[PDB]
RNA sequence: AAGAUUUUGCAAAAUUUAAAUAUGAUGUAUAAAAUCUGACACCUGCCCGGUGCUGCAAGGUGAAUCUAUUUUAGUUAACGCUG
Ligand SMILES: [Mg+2]
Ligand SMILES: [Mg+2]
Ligand SMILES: [Mg+2]
Ligand SMILES: [Mg+2]
Ligand SMILES: [Mg+2]
Ligand SMILES: [Mg+2]
Ligand SMILES: [Mg+2]
Ligand SMILES: [Mg+2]
Ligand SMILES: [Mg+2]
Ligand SMILES: [Mg+2]
Ligand SMILES: [Mg+2]
Ligand SMILES: [Mg+2]
Ligand SMILES: [Mg+2]
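In the deposited numbering, the protein residues as written are 1 to 262.
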């Protein structure tokens, strides 16, 4: 879960920085794993609809309990695995009934740690006195806390903070009407209910922000192809195309203005 | 590769079609789309008059429809109908 500063034995390893993907601690399974068709920015009729997208050597799917309401036993963590699209880690979880699943892990966890889901107040977890990375109801939480994968009361799935190093800070708590006012990563505010649910602690890989690819072939092997300027392009192909590289206004090929107030 | 600006808070914006839909993505602002420059180091200065873009209280110009008011023509023996 740490950065690697490489010694400049090549041009591309001079600035590169990447995370230890922890292959020794990834016991791979065939229970949660599918590999679907790679969608290269196309529809079913073959036509490109979103550009700059292609082959992905790291295509997979791993089914996850974003919602951990269905069991309350205590658990451990046997192993780990990595996700690419959000650059987040996960970890298996073995419940005391020998059950199994994957979960979103929080920052500060690792093999050997414990985790559970909580129906009742905090004093009634005699196991698992530490509380990080646990599925909990927002009312049954401290004054100060931060949530990372939120499931609203009027909803099945989670729609906020699912990316790396994110959270949802609390601004207020209104237990009267059971209505919380949480902050998003941007800064906007949203009404949520304390009957809703979420995880505790920021999601894994806080340190993706301190990354440098250093090689074009690290994106090509994800499904990120080569972009092209609208200025090298011919006037047929793009509304900037031509010999002049200056342009009032600054536009998009389907026709609309990108830069506003500008 | 890297840097900056602009849009998008989730049945997301953008994209495809006449439409259902397809899709972005079973991804959630450390994400997605567009745009100009182009490793790294030092720097990236003054000006919002002009054009362009965005926004727009009050004010000015501003279409039909509804309503009210005013003015007026033709025709009929008459009431009246109509414009
Ligand atoms: Mg096309
Ligand atoms: Mg792109
Ligand atoms: Mg380019
Ligand atoms: Mg040319
Ligand atoms: Mg043409
Ligand atoms: Mg043209
Ligand atoms: Mg020239
Ligand atoms: Mg540079
Ligand atoms: Mg420019
Ligand atoms: Mg001005
Ligand atoms: Mg204007
Ligand atoms: Mg106006
Ligand atoms: Mg006005």
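Ideal placement from N, C-alpha and C gives every residue a C-beta, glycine not left out.
Residue i classed as buried or exposed, judged by whether at least 16 other C-beta atoms fall within 10 angstroms
i	result
residue 186	exposed
residue 104	buried
residue 232	exposed
residue 10	exposed
residue 199	buried
residue 117	buried
residue 242	exposed
residue 44	exposed
residue 197	buried
Length of the line joining the Cα atoms of residue i and residue j
i	j	result
residue 148	residue 107	11 Å
residue 94	residue 59	26 Å
residue 102	residue 211	26 Å
residue 71	residue 150	17 Å
residue 74	residue 80	18 Å
residue 156	residue 137	15 Å
residue 35	residue 55	13 Å
residue 245	residue 256	18 Å
residue 41	residue 194	39 Å
residue 119	residue 68	11 Å
residue 18	residue 28	22 Å
residue 39	residue 174	45 Å
Beta-bridge partners of residue i, as assigned by DSSP
i	result
residue 91	103
residue 191	181
residue 169	146
residue 117	135
residue 251	257
residue 76	94
residue 61	34
Check: residue i C-beta below 7 Å from any heavy atom of ligand 1
i	result
residue 48	yes
Contact test: residue i Cβ vs ligand 4 heavy atom, cutoff 7 Å
i	result
residue 232	yes
Residue i CB to nearest heavy atom of ligand 2 below 7 Å
i	result
residue 238	no
Proximity test, residue i beta-carbon vs ligand 3 heavy atom, cut-off 7 Å
i	result
residue 227	yes
Ligand 6 heavy atom lying under 7 Å from the CB of residue i
i	result
residue 253	no
residue 235	yes
> Contact between the segment 202–220 and the segment 75–90: three or more CB pairs below 8 Å?
Replying inline: At 8 Å Cβ cutoff, the stretches touch.
>> So, does the segment 134–143 touch the segment 166–183, judging by three or more C-beta pairs under 8 Å?
In response: Contact holds: three or more Cβ-Cβ distances are below 8 Å.
> Would you say the segment 7–26 touches the segment 56–67, given that touching needs at least three Cβ pairs under 8 Å?
Replying inline: Not touching, per the Cβ criterion.
> Can you find at least 3 beta carbon pairs, one from the segment 145–163 and one from the segment 210–229, that sit closer than 8 Å?
Replying inline: Two segments are said to touch when three or more pairs of C-beta atoms, one from each, lie closer than 8 Å; by this definition the segment 145–163 does not touch the segment 210–229.
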